[PDB]
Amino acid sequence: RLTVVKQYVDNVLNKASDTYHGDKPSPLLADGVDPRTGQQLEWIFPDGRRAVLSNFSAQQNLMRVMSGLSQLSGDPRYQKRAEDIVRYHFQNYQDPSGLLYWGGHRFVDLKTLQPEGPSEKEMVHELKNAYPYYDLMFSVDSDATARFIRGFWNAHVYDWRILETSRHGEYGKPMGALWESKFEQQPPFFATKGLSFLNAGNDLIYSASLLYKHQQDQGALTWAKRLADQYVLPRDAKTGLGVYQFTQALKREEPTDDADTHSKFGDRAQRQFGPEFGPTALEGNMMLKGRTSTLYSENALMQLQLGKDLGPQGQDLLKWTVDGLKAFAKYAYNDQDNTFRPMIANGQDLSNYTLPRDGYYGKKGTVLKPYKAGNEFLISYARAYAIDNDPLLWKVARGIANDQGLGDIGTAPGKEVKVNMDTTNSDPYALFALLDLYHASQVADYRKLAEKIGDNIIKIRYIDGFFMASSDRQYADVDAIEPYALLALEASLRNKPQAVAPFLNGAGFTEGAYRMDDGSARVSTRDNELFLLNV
């Protein structure tokens, strides 16, 4: 499997590289390549100008694959290129504020080597569950990395007193008080005009924690953990469930219209569920599909890993994260059909609940149903189990695996195990989870199963020298996690627990106006959509 990954990365470096500057290329890479033509995936601007999309925030799995490949193979070329790419970004694409030209609304054109902004009214910095490889960055340039992290916090915190964050960060913003800002803890679900989204807080928690890890910065650690704790303090006193957000809308006006869901009318959950469920029916307490993926996977996996790695400095973080996942398993999970039940954090089961009025969560008449636990829950629950072997976390891992065609991992590790060695499962996430189960239990069947998945990944997803989700896909994504999974499998088998970075499920995206072939503008197009297109 190591030879395949080496082949693959060689292929990426051959076909995704800068071919626009003759014999003096930059080290930068295209995000996507059509494996049939070698054509690099382009952003098309309103006038028909074509940029080759180089978004460093959409390449941070590849940086990990590259470093992992070097550690396992002993070939230092891949590690060196990853380092060269970091160095070139600090040299050319880092603002005086410290922010990089990357993320949701900026990238670099590989052709011109100039920064781009595909969304003209949003020339801004955004990171959404990106989880960049700061370990590598600190290794290249510790000071420049620290400047990025301080500038990230400075740009994305609107009000330090109450920790109001923003999804969008302005470039060129002067340094404020930063870690020396005054904080005062507000009560659960205080009413405010702003909104600290969890998928904007995730990258803030992760970055400030890594600045602690590398520079022993007490200010960074304090604020990282304090921000994490904002989604913990308002948790339900009985159930320990929640919360998706920790504020509610400031009500300035009485509503006239169920279907007008503007925040000025007040918390949208209190409007639609409040009459029947009481004052605790609030947006942050709505444990619904998608929202629970953000809370109990996107956030939780990262906090689990941080809690562990922070050691003496992460005990509280880790406690909050494992306690939250345990509560969700206890209250909402159904292992028989592998579903989570829709709920309010106070413990109210909304399964088969008909919405009695229009609102933010659906039109009158909609029946709320249990939803299938996707593999983002498999990786968060298997990671949790690896740190704290609780039967409640096993329950979820077991239920999902069985629903994924993997057989029965047992009533507990090594007990009544009946895994399916003929599985056709080729999911990187399944591979990742099984490795965590193995490392917690030493039960050999779990790793034999992961080997099988790895073999399936190569047989069905290694295509034309790339990794693709389908054989018909137009463009391959150089940030594919298939080789990342294969590497962690190989590092387990070769007895190298330090060679490959624990998985955080980060990813990048690019969002803006994109010109269609007929010349029309498609507003808020994402590279995610481009990668789903077939030939």
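Position 1 is the first residue in the sequence shown; the rest follow in order.
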Average Cα temperature factor in the PDB entry - higher stretch of 248-256, 90-98: 248-256
Mean Cα B-factor comparison, 461-469 or 425-433, giving the higher one as deposited: 461-469
C-alpha B-factor winner, where the candidates are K326, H439, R383, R268: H439
Identity of residue with top Cα B-factor, from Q474, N505, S67, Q59: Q474
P27 CA temperature factor, ranked by third within the chain: middle
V232 - Cα temperature factor, lowest/middle/highest third of chain: lowest
Where the record places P370 (Cα B-factor, split into thirds across the chain): middle
Cα B factor band for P312 (lowest, middle or highest third within the chain): highest
Ranked against its chain, the third holding the CA B-factor of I44: highest
